[PDB]
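Visitor: Sharing protein-v8.txt here; it has compact mmCIF, C-alpha atoms.
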```txt
# COMPACT_ATOMS: atom_id res chain seq x y z
CA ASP E 1 2.51 22.01 -0.43
CA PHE E 2 4.00 20.20 -3.38
CA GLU E 3 7.17 21.36 -4.89
CA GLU E 4 6.65 21.82 -8.59
CA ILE E 5 7.73 18.93 -10.80
CA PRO E 6 9.05 19.13 -14.38
CA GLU E 7 6.15 20.38 -16.46
CA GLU E 8 7.18 17.62 -18.83
CA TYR E 9 5.51 15.02 -16.61
CA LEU E 10 2.77 17.57 -16.49
CA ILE Y 1 -0.20 7.04 8.67
CA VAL Y 2 -0.83 7.48 12.40
CA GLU Y 3 1.60 6.60 15.26
CA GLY Y 4 4.20 5.37 12.82
CA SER Y 5 7.78 6.64 12.29
CA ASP Y 6 9.62 8.15 9.32
CA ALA Y 7 10.68 5.39 6.93
CA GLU Y 8 14.38 4.65 6.23
CA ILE Y 9 16.18 5.14 2.91
CA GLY Y 10 15.29 2.23 0.63
CA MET Y 11 13.25 0.74 3.49
CA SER Y 12 10.36 0.20 0.95
CA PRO Y 13 11.61 0.21 -2.68
CA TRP Y 14 8.06 -0.51 -4.12
CA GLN Y 15 6.19 2.44 -2.59
CA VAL Y 16 4.49 4.47 -5.26
CA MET Y 17 3.09 8.02 -5.08
CA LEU Y 18 -0.23 8.61 -6.84
CA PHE Y 19 0.22 12.20 -7.74
CA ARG Y 20 -2.53 14.35 -9.13
CA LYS Y 21 -1.43 16.32 -12.17
CA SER Y 22 -3.76 19.17 -11.13
CA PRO Y 23 -4.59 20.25 -8.69
CA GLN Y 24 -1.07 19.11 -8.02
CA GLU Y 25 -1.76 16.47 -5.28
CA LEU Y 26 -1.22 13.08 -3.49
CA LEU Y 27 -4.02 10.78 -4.56
CA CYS Y 28 -3.12 7.62 -2.66
CA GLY Y 29 -0.39 5.08 -2.14
CA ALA Y 30 0.42 2.36 -4.70
CA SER Y 31 3.07 -0.43 -5.09
CA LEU Y 32 5.57 -1.42 -7.81
CA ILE Y 33 5.04 -5.06 -8.65
CA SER Y 34 6.95 -4.88 -11.97
CA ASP Y 35 9.05 -2.47 -14.12
CA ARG Y 36 5.67 -1.68 -15.69
CA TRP Y 37 2.85 -2.80 -13.31
CA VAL Y 38 1.55 -0.84 -10.34
CA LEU Y 39 -0.91 -2.04 -7.68
CA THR Y 40 -3.34 0.35 -6.13
CA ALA Y 41 -6.67 0.19 -4.22
CA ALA Y 42 -9.48 0.53 -6.91
CA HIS Y 43 -11.18 3.39 -4.99
CA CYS Y 44 -8.19 5.77 -5.52
CA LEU Y 45 -9.43 5.79 -9.06
CA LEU Y 46 -13.15 5.37 -8.73
CA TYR Y 47 -15.38 6.58 -5.92
CA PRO Y 48 -18.78 7.94 -7.05
CA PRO Y 49 -19.64 9.37 -3.64
CA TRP Y 50 -16.58 11.65 -3.77
CA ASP Y 51 -17.14 11.62 -7.42
CA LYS Y 52 -13.77 10.04 -8.18
CA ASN Y 53 -13.21 8.97 -11.75
CA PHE Y 54 -9.81 9.74 -12.99
CA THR Y 55 -8.60 9.10 -16.54
CA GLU Y 56 -5.12 7.71 -16.83
CA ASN Y 57 -4.40 11.16 -18.30
CA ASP Y 58 -4.97 12.83 -14.93
CA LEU Y 59 -2.30 10.99 -12.91
CA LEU Y 60 1.42 10.46 -12.68
CA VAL Y 61 3.07 7.76 -10.49
CA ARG Y 62 6.06 8.78 -8.39
CA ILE Y 63 8.33 5.94 -7.32
CA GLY Y 64 11.48 6.19 -5.05
CA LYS Y 65 10.37 9.19 -3.08
CA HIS Y 66 11.23 9.65 0.57
CA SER Y 67 9.91 13.20 0.77
CA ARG Y 68 6.20 13.83 0.40
CA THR Y 69 6.54 17.45 -0.73
CA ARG Y 70 9.94 17.72 -2.44
CA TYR Y 71 10.39 16.71 -6.00
CA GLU Y 72 13.54 14.51 -5.52
CA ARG Y 73 15.47 15.22 -8.68
CA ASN Y 74 17.84 12.36 -8.93
CA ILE Y 75 16.25 9.60 -6.77
CA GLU Y 76 12.55 9.66 -7.73
CA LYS Y 77 10.98 8.56 -11.02
CA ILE Y 78 7.76 10.14 -12.32
CA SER Y 79 5.60 7.96 -14.53
CA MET Y 80 2.69 8.09 -16.95
CA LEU Y 81 -0.23 5.71 -16.83
CA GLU Y 82 -0.70 3.78 -20.04
CA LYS Y 83 -3.83 1.94 -18.81
CA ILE Y 84 -5.74 1.59 -15.53
CA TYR Y 85 -7.29 -1.77 -14.57
CA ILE Y 86 -10.13 -1.96 -12.11
CA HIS Y 87 -11.48 -4.99 -10.39
CA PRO Y 88 -14.68 -6.00 -12.27
CA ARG Y 89 -16.37 -7.11 -8.98
CA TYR Y 90 -15.21 -3.98 -7.04
CA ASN Y 91 -18.16 -2.76 -4.99
CA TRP Y 92 -17.67 0.82 -4.11
CA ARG Y 93 -21.37 1.27 -3.49
CA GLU Y 94 -21.10 -0.98 -0.43
CA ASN Y 95 -18.15 -1.92 1.81
CA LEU Y 96 -15.59 -1.49 -0.98
CA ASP Y 97 -15.70 -5.22 -1.98
CA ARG Y 98 -12.58 -5.99 -3.98
CA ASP Y 99 -10.72 -2.74 -3.61
CA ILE Y 100 -8.00 -3.32 -6.24
CA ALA Y 101 -6.82 -1.40 -9.26
CA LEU Y 102 -3.88 -2.08 -11.56
CA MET Y 103 -2.10 0.49 -13.69
CA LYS Y 104 0.22 -0.18 -16.63
CA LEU Y 105 3.01 2.41 -17.07
CA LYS Y 106 3.53 3.72 -20.58
CA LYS Y 107 7.15 2.69 -20.18
CA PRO Y 108 9.44 0.62 -17.94
CA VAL Y 109 10.73 2.14 -14.75
CA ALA Y 110 14.39 1.78 -13.85
CA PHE Y 111 15.42 -0.04 -10.71
CA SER Y 112 17.62 1.86 -8.33
CA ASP Y 113 18.40 1.71 -4.58
CA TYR Y 114 15.01 3.32 -4.19
CA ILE Y 115 13.02 1.51 -6.90
CA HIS Y 116 12.37 -2.18 -6.82
CA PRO Y 117 9.15 -4.29 -6.86
CA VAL Y 118 7.70 -6.29 -3.93
CA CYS Y 119 6.45 -9.90 -4.24
CA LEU Y 120 2.92 -11.21 -4.58
CA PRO Y 121 2.16 -13.90 -2.05
CA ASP Y 122 1.83 -17.59 -3.12
CA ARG Y 123 -0.88 -19.82 -1.54
CA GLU Y 124 1.69 -21.11 0.87
CA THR Y 125 3.35 -17.73 1.59
CA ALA Y 126 -0.12 -16.53 2.53
CA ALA Y 127 -1.27 -19.59 4.65
CA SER Y 128 1.73 -19.29 6.97
CA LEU Y 129 2.17 -15.45 6.91
CA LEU Y 130 -1.38 -14.13 7.01
CA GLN Y 131 -1.90 -15.18 10.59
CA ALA Y 132 -3.40 -13.36 13.58
CA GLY Y 133 -0.52 -11.93 15.67
CA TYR Y 134 1.72 -11.41 12.70
CA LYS Y 135 2.85 -7.96 11.86
CA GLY Y 136 2.61 -6.16 8.55
CA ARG Y 137 4.24 -2.89 7.58
CA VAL Y 138 2.02 -0.09 6.43
CA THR Y 139 3.63 2.68 4.42
CA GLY Y 140 2.29 5.94 3.07
CA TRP Y 141 2.29 9.73 3.12
CA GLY Y 142 -1.24 10.15 4.51
CA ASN Y 143 -2.61 11.69 7.64
CA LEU Y 144 -0.72 11.43 10.89
CA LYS Y 145 -4.06 11.89 12.69
CA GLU Y 146 -7.71 11.20 12.08
CA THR Y 147 -9.23 14.39 10.59
CA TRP Y 148 -10.31 16.55 13.58
CA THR Y 149 -11.34 20.11 14.25
CA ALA Y 150 -9.69 20.12 17.61
CA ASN Y 151 -6.45 18.70 16.39
CA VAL Y 152 -3.52 21.02 16.50
CA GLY Y 153 -0.27 20.53 14.57
CA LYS Y 154 0.67 19.59 11.05
CA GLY Y 155 -1.25 16.56 9.90
CA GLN Y 156 0.81 15.66 6.89
CA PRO Y 157 4.02 13.71 7.18
CA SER Y 158 7.16 15.32 5.71
CA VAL Y 159 8.70 11.92 4.97
CA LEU Y 160 7.03 8.53 4.29
CA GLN Y 161 5.81 6.93 7.53
CA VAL Y 162 6.10 3.27 8.44
CA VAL Y 163 3.79 1.49 10.96
CA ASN Y 164 3.81 -2.23 12.00
CA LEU Y 165 0.39 -3.75 12.76
CA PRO Y 166 -0.48 -7.32 13.61
CA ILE Y 167 -3.08 -9.31 11.71
CA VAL Y 168 -6.43 -9.65 13.59
CA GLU Y 169 -8.97 -12.52 13.59
CA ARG Y 170 -11.92 -12.16 11.30
CA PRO Y 171 -14.36 -12.58 14.17
CA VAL Y 172 -12.74 -9.76 16.02
CA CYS Y 173 -12.57 -7.73 12.80
CA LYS Y 174 -16.22 -8.79 12.37
CA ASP Y 175 -17.34 -7.84 15.88
CA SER Y 176 -15.67 -4.40 15.55
CA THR Y 177 -17.75 -2.74 12.81
CA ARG Y 178 -21.37 -2.83 11.67
CA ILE Y 179 -19.95 -2.92 8.13
CA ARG Y 180 -20.38 -6.08 6.10
CA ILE Y 181 -16.86 -7.59 6.08
CA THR Y 182 -15.73 -10.02 3.39
CA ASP Y 183 -12.87 -12.35 2.52
CA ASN Y 184 -11.57 -9.84 0.05
CA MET Y 185 -10.52 -7.78 3.03
CA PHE Y 186 -8.64 -8.24 6.37
CA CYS Y 187 -7.87 -6.15 9.44
CA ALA Y 188 -4.61 -5.26 11.18
CA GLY Y 189 -4.05 -3.32 14.47
CA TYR Y 190 -3.63 -3.47 18.24
CA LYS Y 191 -6.35 -5.06 20.30
CA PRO Y 192 -7.54 -3.09 23.25
CA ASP Y 193 -5.79 -5.35 25.75
CA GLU Y 194 -2.61 -4.44 23.94
CA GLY Y 195 -2.75 -0.64 24.64
CA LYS Y 196 -0.61 0.27 21.60
CA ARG Y 197 -1.09 2.78 18.66
CA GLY Y 198 -0.51 3.17 14.92
CA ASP Y 199 -2.93 2.75 11.96
CA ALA Y 200 -2.95 3.99 8.35
CA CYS Y 201 -5.21 6.92 7.54
CA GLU Y 202 -7.01 9.05 5.02
CA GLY Y 203 -4.49 9.23 2.16
CA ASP Y 204 -2.62 6.01 2.98
CA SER Y 205 -5.10 3.86 0.90
CA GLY Y 206 -3.73 2.16 -2.24
CA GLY Y 207 -0.64 1.39 -0.17
CA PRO Y 208 0.94 -1.93 0.59
CA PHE Y 209 0.62 -4.10 3.64
CA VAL Y 210 3.81 -6.19 3.40
CA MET Y 211 5.19 -9.07 5.47
CA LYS Y 212 8.72 -10.43 5.41
CA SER Y 213 8.98 -14.20 4.87
CA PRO Y 214 11.40 -16.11 7.12
CA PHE Y 215 10.94 -18.82 4.44
CA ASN Y 216 13.14 -17.21 1.84
CA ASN Y 217 13.93 -13.61 2.86
CA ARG Y 218 11.54 -11.62 0.61
CA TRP Y 219 8.94 -8.96 1.21
CA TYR Y 220 5.43 -9.75 0.01
CA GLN Y 221 2.44 -7.55 -0.44
CA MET Y 222 -0.39 -8.91 1.68
CA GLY Y 223 -3.04 -6.08 1.72
CA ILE Y 224 -3.81 -2.78 -0.02
CA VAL Y 225 -4.84 0.14 2.22
CA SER Y 226 -8.59 0.18 2.07
CA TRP Y 227 -10.84 1.75 4.62
CA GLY Y 228 -11.95 2.14 8.21
CA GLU Y 229 -13.91 4.28 10.66
CA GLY Y 230 -11.73 6.98 12.28
CA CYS Y 231 -7.94 6.55 12.35
CA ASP Y 232 -6.25 4.99 15.34
CA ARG Y 233 -9.67 4.69 17.02
CA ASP Y 234 -10.06 2.76 20.33
CA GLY Y 235 -11.56 -0.63 19.52
CA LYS Y 236 -11.33 -0.12 15.69
CA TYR Y 237 -9.04 -1.88 13.12
CA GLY Y 238 -7.77 -1.01 9.63
CA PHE Y 239 -9.14 -2.90 6.66
CA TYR Y 240 -6.89 -4.27 3.99
CA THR Y 241 -7.60 -5.53 0.49
CA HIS Y 242 -6.47 -9.14 0.74
CA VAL Y 243 -4.15 -9.38 -2.30
CA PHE Y 244 -3.93 -13.19 -2.42
CA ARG Y 245 -7.66 -13.94 -2.44
CA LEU Y 246 -7.67 -11.57 -5.42
CA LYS Y 247 -4.46 -12.72 -7.12
CA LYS Y 248 -5.94 -14.55 -10.10
CA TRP Y 249 -7.59 -11.35 -11.35
CA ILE Y 250 -4.22 -9.84 -10.94
CA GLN Y 251 -2.31 -12.49 -12.87
CA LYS Y 252 -5.01 -12.71 -15.63
CA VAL Y 253 -4.62 -9.05 -16.52
CA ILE Y 254 -0.82 -8.77 -16.27
CA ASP Y 255 -0.87 -11.82 -18.52
CA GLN Y 256 -3.03 -11.12 -21.55
CA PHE Y 257 -2.39 -7.45 -20.95
CA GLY Y 258 1.41 -7.05 -20.70
CA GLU Y 259 4.41 -8.21 -18.75
CA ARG O 1 -9.00 4.94 3.55
CA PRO O 2 -12.73 5.88 3.74
CA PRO O 3 -14.64 6.02 7.00
CA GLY O 4 -18.16 4.52 7.25
CA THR S 1 3.83 -10.07 -11.47
CA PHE S 2 2.71 -13.29 -9.86
CA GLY S 3 3.20 -16.06 -7.35
CA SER S 4 6.30 -14.22 -6.24
CA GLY S 5 5.91 -11.51 -8.98
CA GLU S 6 9.14 -10.06 -10.57
CA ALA S 7 12.10 -12.48 -10.06
CA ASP S 8 14.32 -10.63 -7.58
CA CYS S 9 11.11 -9.39 -6.07
CA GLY S 10 11.11 -7.99 -2.55
CA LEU S 11 14.91 -8.05 -2.00
CA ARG S 12 15.64 -4.51 -0.98
CA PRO S 13 19.02 -3.29 -2.20
CA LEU S 14 19.99 -1.11 0.76
CA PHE S 15 18.91 -3.99 2.98
CA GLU S 16 18.59 -7.57 1.94
CA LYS S 17 20.82 -7.12 -1.08
CA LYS S 18 23.17 -5.45 1.41
CA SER S 19 22.56 -7.62 4.46
CA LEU S 20 21.44 -4.52 6.42
CA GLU S 21 18.36 -4.85 8.65
CA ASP S 22 16.10 -1.84 9.22
CA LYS S 23 15.18 -0.39 12.61
CA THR S 24 11.89 -2.26 12.76
CA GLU S 25 12.44 -5.57 10.93
CA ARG S 26 12.99 -7.96 13.80
CA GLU S 27 9.81 -6.71 15.46
CA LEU S 28 7.86 -8.41 12.67
CA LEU S 29 10.00 -11.51 12.87
CA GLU S 30 9.41 -11.86 16.60
CA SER S 31 5.61 -11.89 15.89
CA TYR S 32 6.06 -15.03 13.78
CA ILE S 33 6.10 -16.64 17.16
CA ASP S 34 9.65 -16.11 18.28
CA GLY S 35 13.31 -15.29 17.64
CA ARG S 36 14.24 -18.96 18.32
```
Rewrite the coordinates I just gave you, this time as structure tokens.

Guide:
Amino acid sequence: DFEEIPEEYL
Amino acid sequence: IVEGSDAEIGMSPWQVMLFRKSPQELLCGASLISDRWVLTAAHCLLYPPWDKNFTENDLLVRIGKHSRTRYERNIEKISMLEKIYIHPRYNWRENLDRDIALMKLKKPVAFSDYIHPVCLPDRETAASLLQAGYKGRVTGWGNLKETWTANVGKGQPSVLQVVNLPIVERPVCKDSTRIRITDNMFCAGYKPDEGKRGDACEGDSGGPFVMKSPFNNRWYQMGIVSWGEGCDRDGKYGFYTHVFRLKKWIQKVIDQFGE
Amino acid sequence: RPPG
Amino acid sequence: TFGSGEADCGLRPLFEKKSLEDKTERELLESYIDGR
């Protein structure tokens, strides 16, 4: 569903 | 958003995505009112019955997004909540009375073709604009249909949808639902006699209801996506958090709290 | 957008 | 922020700032009575 985002925001 | 259309590039610079860190997910809609302040419906943050009670830690705000799903490298801006601000008179436990939440961003967001804040309505922008017959613009990445077993097709919008709904008369809003309505809310949508479609839906909440002012050429946030009964139902109307009636809470916080 |  | 928040609030670049009107802008305008 949701393209991964920079695991830096995460 | 039901019976809407895909938005246009930079058609709504203030739209904000309330993204759930994990599970990775869309929480609601929101709106950029500053480089640092973001408007949302309170209930996107706090809803006991669904057991909602997010710490700032739990969310990121995604501004300047056209796609729902993609992570838009160079156009979208993902933010961290510094502090959440909920209406003190917010009544979840009832009809959602004063459905308004503010969030302060750890840091200032950068304006771009895709990122820009909307205006907050002045007593006079409101008086003239917030009138029965007048059309608002509802934006979000929520359901395209009321949740149904029998519904076939993909229910989530690939791109942000846009729907234009006229302001309804209290009375009419009042005679439509057995819910206690208040002045903190409003209704928008096509009256039966009008045989037209389009409403916001589950997941659209938090999202702006904006009107363009002939008066001076700016876009103002009129309502926050709140609630309803069904989506695009015959005889039913959407209920918006009336921003202006609630503006002084808004200004009070932004004031002693930040920018 | 909660239903009643 | 407030009574007209920001300062250059609600002036969309691709549009207002660019004098481009979106597909569904006038629709709204017409509701404010009329395009007269």

Visitor: Skipping near chain neighbours, those fewer than 3 positions away, what residues fall within 9 Å of residue 3 in chain O using all atoms listed in the file, listed as a list in words?

Guide: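 The filter keeps residues 202, 227, 228, 229, 230 and 231 of chain Y.
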
Visitor: Nearest residue to residue 4 in chain O out of Y:38, Y:30, Y:179, Y:224, using all atoms listed in the file?

Guide: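 When distances to residue 4 in chain O are compared using all atoms listed in the file, the smallest one comes from Y:179.
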
Visitor: Select, counting only C-alpha atoms, all protein, DNA and RNA residues no farther than 8 Å from (-2.6, -1.3, -6.2) in file coordinates, and express the selection as a VMD selection string.

Guide: chain Y and resid 29 to 31 38 to 42 100 to 103 206 to 208 224

Visitor: Could you tell me how far CA of residue 18 in chain Y sits from CA of residue 91 in chain Y, in Å to one decimal place?

Guide: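 Distance reported for this atom pair: 21.3 Å.
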
Visitor: Provide as a compact mmCIF listing (two decimals) with C-alpha atoms, keeping the file's coordinate frame the residues of chain E at most 8 Å from chain Y, counting all atoms listed in the file.

Guide:
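Output file out.txt follows:
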```txt
# COMPACT_ATOMS: atom_id res chain seq x y z
CA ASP E 1 2.51 22.01 -0.43
CA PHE E 2 4.00 20.20 -3.38
CA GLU E 3 7.17 21.36 -4.89
CA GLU E 4 6.65 21.82 -8.59
CA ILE E 5 7.73 18.93 -10.80
CA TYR E 9 5.51 15.02 -16.61
CA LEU E 10 2.77 17.57 -16.49
```

Visitor: Pick out the closest residue to residue 1 in chain S from this set: Y:37, Y:50, Y:92, Y:148. Count all atoms listed in the file.

Guide: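 Closest residue, counting all atoms listed in the file: Y:37.
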
Visitor: Contacts of residue 26 in chain S at 10 Å or less, counting all atoms listed in the file, minus same-chain residues fewer than 6 places along, as a list in words?

Guide: residues 212 of chain Y; 32, 34 and 35 of chain S
